[PDB]
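Heads up, the thing below is written out as structure tokens.
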2 protein chains.
Amino acid sequence: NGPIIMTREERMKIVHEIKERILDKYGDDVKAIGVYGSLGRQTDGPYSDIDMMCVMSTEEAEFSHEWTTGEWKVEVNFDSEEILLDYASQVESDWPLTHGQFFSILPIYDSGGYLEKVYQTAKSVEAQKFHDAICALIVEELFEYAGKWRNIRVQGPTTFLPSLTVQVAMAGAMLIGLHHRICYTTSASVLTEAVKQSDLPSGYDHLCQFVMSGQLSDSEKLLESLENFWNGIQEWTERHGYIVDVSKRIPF
Amino acid sequence: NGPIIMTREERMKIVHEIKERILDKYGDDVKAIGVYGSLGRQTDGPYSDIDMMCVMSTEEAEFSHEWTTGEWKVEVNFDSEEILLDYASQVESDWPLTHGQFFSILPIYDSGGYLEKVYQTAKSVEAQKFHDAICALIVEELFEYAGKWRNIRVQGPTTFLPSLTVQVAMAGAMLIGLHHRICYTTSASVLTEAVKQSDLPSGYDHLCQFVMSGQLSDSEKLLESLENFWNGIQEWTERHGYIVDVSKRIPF
Ligand SMILES: NC[C@@H]1O[C@H](O[C@H]2[C@@H](O)[C@H](O[C@@H]3[C@@H](O)[C@H](N)C[C@H](N)[C@H]3O[C@H]3O[C@H](CN)[C@@H](O)[C@H](O)[C@H]3N)O[C@@H]2CO)[C@H](N)[C@@H](O)[C@@H]1O
Ligand SMILES: NC[C@@H]1O[C@H](O[C@H]2[C@@H](O)[C@H](O[C@@H]3[C@@H](O)[C@H](N)C[C@H](N)[C@H]3O[C@H]3O[C@H](CN)[C@@H](O)[C@H](O)[C@H]3N)O[C@@H]2CO)[C@H](N)[C@@H](O)[C@@H]1O
Ligand SMILES: [Mg+2]
């Protein structure tokens, strides 16, 4: 019957019950336990699931328990300090959506400031890593989407266009977030927060209005909006120095 | 302003240049080279990218080169035989979308039947792996989506509902593909092929109609369609035995 309505108090009880269970089972291998996500920001809605992180001392520790009771869902990730710190300092194309975890840490157990160290690492990532992630995003994702919607324009199918438009709008949101080196609060607010930022590529806000309103049935307006956004990207990358190497047929 | 229009003959010319370049650089470390994706089953549209794969003899080989010339995009993955076969034999929630690669391999170099060996491995995966992936999908993705759209109904934002509905429809497509052990052709045909399968959970095809048509502006009809799909999931999982024990507050 799906998730039920729960209050913040009930969630913190579950959190502290899980904390006790983790300490009973693993004992001194537990370096730190925190809550992240919406419950960590104390923004959590009545239906939100629970996300917790655990720093282990045992080397190469990397596992997780993800379950539901039928009424609520919990995910607990267990990582060694080294594994967690490397993850916090790696910038992938979906960094603005995944690494909000490290800017929403609610500590409930920490034997040696480990969670603070993870937070510091996540916020001190070198600027060059965001630059590379932006160039990789344009090649590995945006360029590929451009071929996908241009294929639709000539040979269809248009039934993929609304889903692909959503993907392009989400990828554009990642590109902006990588530029500003900021993580989005929640998944539901990614597009709302993306259009309120500075230095938007031309055509991005117009494209997002289709995705946020759900008016994705006019394929011609979508294709025309995607091309304008695709065009706006390339002046935007030159204006900010995110220059993509296009000089070789084969780069190895 | 790429990607540009290309013919199959122009793509195979680029492919064989890369094959020549791969053999020049890595020589006898190359066990096999193949083309997958749309060019692999030679359906490729006028704008499709080029996807290639390489089997290496080097033990820990796992790297990729992904680039564009401004006109076309190429991705070449280099994997040891052990790494590639283990990947082909592991079933994640996005198996129906990622592992079609292994059912579309066009060999252009193969020193010892390595590519046929990859195809055999990918198609002989134990039924238990698909069963576990289905149960994990329902918990890790579907249950989480249900909480998210129920939050939207109570506290918004409505601007996330069209994007979240697309995500739910794609997760349902994964659920169907894992059930029937089938991989989807391309990203563009995932939804069309998913709704043509048997044993659909009640409410999925109706939900896909909103996503495929792009009529995602009636949040009220979307939430009702999402709930109906969510109900159909619980009957569908019971009828096929994709049952997870949910009786414990903490299952470890
Ligand atoms: N190649 C065999 C195995 O691949 C894995 O990585 C897989 C996955 O993470 C990785 O995903 C990569 C991303 O990361 C990278 N940032 C952009 C790139 N386009 C994407 O590639 C994949 O996603 C694309 C669609 N978006 C597809 O067009 C493409 O065919 C597909 N290879 O591609 C691999 C799938 O083939 C592991 N690296 C390793 O277990 C072994 O190498
Ligand atoms: N935990 C720290 C690091 O996590 C990484 O994996 C990351 C990522 O793949 C992984 O993704 C996992 C999946 O895989 C798994 N099959 C289902 C699970 N819902 C999902 O979890 C993630 O996606 C959810 C939304 N769908 C989010 O609600 C959730 O907060 C998020 N942790 O979450 C991790 C981020 O926390 C690496 N394993 C490793 O570098 C290190 O352990
Ligand atoms: Mg989660």
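Every chain in the structure tokens takes a letter, A first, then B, and so on in the order presented; its residues are numbered from 1, and the ligands are numbered from 1 following the presented order.
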* To do: Please identify every residue of chain A that has at least one atom no more than 6 Å from any atom of chain B, counting only C-alpha atoms, and report them as a PyMOL selection string.
  => chain A and resi 3+47-48+69+147+151+159-160+162-163+166+188+212-217+246
Would you output that residue set with N, CA and C atoms, as a PDB file, in the first residue's frame?
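Output file result.pdb is given in full below:
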```pdb
ATOM      1  N   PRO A   3       4.236   3.875   0.552  1.00  0.00           N
ATOM      2  CA  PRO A   3       4.652   4.522   1.797  1.00  0.00           C
ATOM      3  C   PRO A   3       3.479   5.219   2.463  1.00  0.00           C
ATOM      4  N   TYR A  47       5.957  11.810   3.147  1.00  0.00           N
ATOM      5  CA  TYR A  47       6.139  10.497   2.539  1.00  0.00           C
ATOM      6  C   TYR A  47       7.598  10.152   2.291  1.00  0.00           C
ATOM      7  N   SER A  48       8.529  10.992   2.732  1.00  0.00           N
ATOM      8  CA  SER A  48       9.931  10.821   2.380  1.00  0.00           C
ATOM      9  C   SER A  48      10.520   9.548   2.980  1.00  0.00           C
ATOM     10  N   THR A  69       9.534  -1.629   5.033  1.00  0.00           N
ATOM     11  CA  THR A  69       8.643  -2.348   5.927  1.00  0.00           C
ATOM     12  C   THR A  69       7.234  -2.447   5.368  1.00  0.00           C
ATOM     13  N   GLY A 147      21.706  14.027 -31.490  1.00  0.00           N
ATOM     14  CA  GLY A 147      21.473  13.029 -32.516  1.00  0.00           C
ATOM     15  C   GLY A 147      20.154  12.301 -32.337  1.00  0.00           C
ATOM     16  N   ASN A 151      17.313  12.476 -35.065  1.00  0.00           N
ATOM     17  CA  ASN A 151      16.793  11.252 -35.667  1.00  0.00           C
ATOM     18  C   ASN A 151      15.272  11.241 -35.634  1.00  0.00           C
ATOM     19  N   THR A 159       7.009   9.463 -30.100  1.00  0.00           N
ATOM     20  CA  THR A 159       6.607   9.008 -28.775  1.00  0.00           C
ATOM     21  C   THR A 159       7.765   8.992 -27.790  1.00  0.00           C
ATOM     22  N   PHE A 160       9.000   9.093 -28.274  1.00  0.00           N
ATOM     23  CA  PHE A 160      10.172   9.208 -27.418  1.00  0.00           C
ATOM     24  C   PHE A 160      10.516  10.657 -27.101  1.00  0.00           C
ATOM     25  N   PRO A 162       8.880  13.383 -25.720  1.00  0.00           N
ATOM     26  CA  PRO A 162       8.670  13.961 -24.378  1.00  0.00           C
ATOM     27  C   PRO A 162       9.639  13.428 -23.339  1.00  0.00           C
ATOM     28  N   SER A 163       9.940  12.125 -23.367  1.00  0.00           N
ATOM     29  CA  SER A 163      10.909  11.568 -22.428  1.00  0.00           C
ATOM     30  C   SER A 163      12.304  12.116 -22.692  1.00  0.00           C
ATOM     31  N   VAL A 166      12.675  15.664 -21.396  1.00  0.00           N
ATOM     32  CA  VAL A 166      12.899  15.669 -19.955  1.00  0.00           C
ATOM     33  C   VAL A 166      14.363  15.381 -19.648  1.00  0.00           C
ATOM     34  N   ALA A 188      13.137  16.957  -6.705  1.00  0.00           N
ATOM     35  CA  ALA A 188      11.936  17.637  -7.176  1.00  0.00           C
ATOM     36  C   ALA A 188      12.177  19.107  -7.498  1.00  0.00           C
ATOM     37  N   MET A 212       8.495  21.587 -17.149  1.00  0.00           N
ATOM     38  CA  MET A 212       7.867  21.863 -15.863  1.00  0.00           C
ATOM     39  C   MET A 212       6.350  21.944 -15.981  1.00  0.00           C
ATOM     40  N   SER A 213       5.837  22.449 -17.104  1.00  0.00           N
ATOM     41  CA  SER A 213       4.394  22.535 -17.286  1.00  0.00           C
ATOM     42  C   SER A 213       3.773  21.217 -17.728  1.00  0.00           C
ATOM     43  N   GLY A 214       4.564  20.304 -18.283  1.00  0.00           N
ATOM     44  CA  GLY A 214       4.021  19.067 -18.799  1.00  0.00           C
ATOM     45  C   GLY A 214       3.389  19.173 -20.165  1.00  0.00           C
ATOM     46  N   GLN A 215       3.474  20.338 -20.812  1.00  0.00           N
ATOM     47  CA  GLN A 215       2.958  20.523 -22.169  1.00  0.00           C
ATOM     48  C   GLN A 215       4.042  20.075 -23.145  1.00  0.00           C
ATOM     49  N   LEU A 216       4.116  18.756 -23.339  1.00  0.00           N
ATOM     50  CA  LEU A 216       5.144  18.122 -24.156  1.00  0.00           C
ATOM     51  C   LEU A 216       4.542  17.390 -25.349  1.00  0.00           C
ATOM     52  N   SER A 217       3.382  17.842 -25.827  1.00  0.00           N
ATOM     53  CA  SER A 217       2.698  17.181 -26.934  1.00  0.00           C
ATOM     54  C   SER A 217       2.956  17.828 -28.289  1.00  0.00           C
ATOM     55  N   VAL A 246      37.804  19.137 -30.569  1.00  0.00           N
ATOM     56  CA  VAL A 246      37.212  18.578 -31.774  1.00  0.00           C
ATOM     57  C   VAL A 246      38.257  18.429 -32.880  1.00  0.00           C
TER      58      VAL A 246
END
```
* region 1-245 of chain A: residues DSSP assigns to alpha helix (DSSP H), reported as JSON, numbers by chain -> {"A": [8, 9, 10, 11, 12, 13, 14, 15, 16, 17, 18, 19, 20, 21, 22, 23, 24, 25, 26, 38, 39, 40, 41, 81, 82, 83, 84, 85, 86, 87, 88, 95, 96, 97, 98, 114, 115, 116, 117, 118, 119, 120, 121, 122, 123, 127, 128, 129, 130, 131, 132, 133, 134, 135, 136, 137, 143, 144, 145, 146, 147, 148, 149, 150, 151, 152, 153, 154, 155, 161, 162, 163, 164, 165, 166, 167, 168, 169, 170, 171, 172, 173, 174, 175, 176, 177, 178, 179, 180, 190, 191, 192, 193, 194, 204, 205, 206, 207, 208, 209, 210, 211, 212, 213, 219, 220, 221, 222, 223, 224, 225, 226, 227, 228, 229, 230, 231, 232, 233, 234, 235, 236, 237, 238, 239]}
May I ask you to write as a CSV table (one decimal) with N, CA and C atoms, in the first residue's frame all residues lying at most 8 Å from ligand 2, with only C-alpha atoms and all ligand atoms counted?
```csv
chain,number,residue,atom,x,y,z
A,36,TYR,N,21.4,11.9,5.9
A,36,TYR,CA,21.5,12.9,4.8
A,36,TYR,C,20.1,12.9,4.1
A,37,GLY,N,20.1,13.6,2.9
A,37,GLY,CA,18.9,13.8,2.2
A,37,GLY,C,18.0,14.8,2.9
A,49,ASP,N,11.4,8.9,2.2
A,49,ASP,CA,12.2,7.8,2.7
A,49,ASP,C,13.4,8.3,3.5
A,51,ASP,N,17.5,8.2,4.4
A,51,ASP,CA,18.8,7.9,3.8
A,51,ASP,C,19.9,8.1,4.9
A,53,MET,N,24.1,7.3,6.1
A,53,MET,CA,25.5,7.0,5.7
A,53,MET,C,26.3,6.6,7.0
A,62,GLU,N,32.3,-1.5,1.5
A,62,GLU,CA,31.5,-0.8,0.6
A,62,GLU,C,30.2,-1.7,0.4
A,63,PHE,N,29.2,-1.5,1.2
A,63,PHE,CA,28.0,-2.3,1.0
A,63,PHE,C,26.8,-1.4,1.5
A,64,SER,N,25.6,-1.9,1.3
A,64,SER,CA,24.4,-1.1,1.7
A,64,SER,C,23.3,-2.0,2.0
A,66,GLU,N,19.1,-1.7,1.8
A,66,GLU,CA,18.0,-0.9,1.3
A,66,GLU,C,16.8,-1.8,1.4
A,75,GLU,N,17.5,3.4,3.4
A,75,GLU,CA,18.7,3.1,2.7
A,75,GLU,C,19.9,3.5,3.7
A,77,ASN,N,24.1,3.3,3.7
A,77,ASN,CA,25.3,3.0,3.0
A,77,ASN,C,26.4,2.9,4.0
A,78,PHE,N,27.3,1.8,3.8
A,78,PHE,CA,28.4,1.6,4.6
A,78,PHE,C,29.7,1.6,3.8
A,79,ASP,N,30.6,2.6,4.1
A,79,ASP,CA,31.8,2.8,3.3
A,79,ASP,C,33.0,3.0,4.3
A,83,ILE,N,37.2,5.1,0.8
A,83,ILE,CA,36.2,4.9,-0.3
A,83,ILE,C,35.2,6.1,-0.3
A,84,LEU,N,34.8,6.5,0.9
A,84,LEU,CA,33.8,7.6,0.9
A,84,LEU,C,34.5,8.9,0.5
A,86,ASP,N,37.1,9.4,-1.5
A,86,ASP,CA,37.3,9.4,-3.0
A,86,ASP,C,35.9,9.7,-3.7
A,87,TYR,N,34.8,9.1,-3.2
A,87,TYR,CA,33.5,9.3,-3.9
A,87,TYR,C,33.1,10.8,-3.7
A,88,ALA,N,33.4,11.4,-2.5
A,88,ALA,CA,33.0,12.8,-2.3
A,88,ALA,C,33.8,13.7,-3.2
A,98,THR,N,23.7,14.1,-7.0
A,98,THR,CA,24.2,13.1,-6.1
A,98,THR,C,24.9,13.6,-4.9
A,99,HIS,N,25.7,14.6,-5.1
A,99,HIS,CA,26.6,15.1,-4.0
A,99,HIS,C,26.0,16.1,-3.1
A,101,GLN,N,24.1,15.0,-1.0
A,101,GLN,CA,24.3,14.2,0.2
A,101,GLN,C,25.3,14.8,1.2
B,92,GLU,N,21.5,-5.6,-13.3
B,92,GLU,CA,21.1,-4.4,-12.6
B,92,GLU,C,19.7,-4.0,-13.0
B,93,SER,N,19.2,-2.9,-12.3
B,93,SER,CA,17.9,-2.5,-12.6
B,93,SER,C,17.7,-2.0,-14.1
B,136,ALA,N,14.7,-5.9,-6.2
B,136,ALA,CA,15.5,-4.7,-5.8
B,136,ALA,C,14.9,-3.4,-6.5
B,137,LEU,N,14.5,-3.6,-7.8
B,137,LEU,CA,13.9,-2.5,-8.5
B,137,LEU,C,12.7,-1.9,-7.8
B,140,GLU,N,14.1,-0.2,-4.5
B,140,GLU,CA,15.0,0.9,-4.6
B,140,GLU,C,14.5,2.0,-5.6
B,141,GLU,N,13.6,1.7,-6.4
B,141,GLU,CA,13.1,2.8,-7.4
B,141,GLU,C,11.6,3.0,-7.3
B,144,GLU,N,10.3,4.2,-3.9
B,144,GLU,CA,10.8,5.6,-3.7
B,144,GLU,C,10.0,6.6,-4.6
```
* Rounded to one decimal in Å, what is the spacing between CA of residue 32 (chain A) and CA of residue 96 (chain A)? -> 24.2 Å
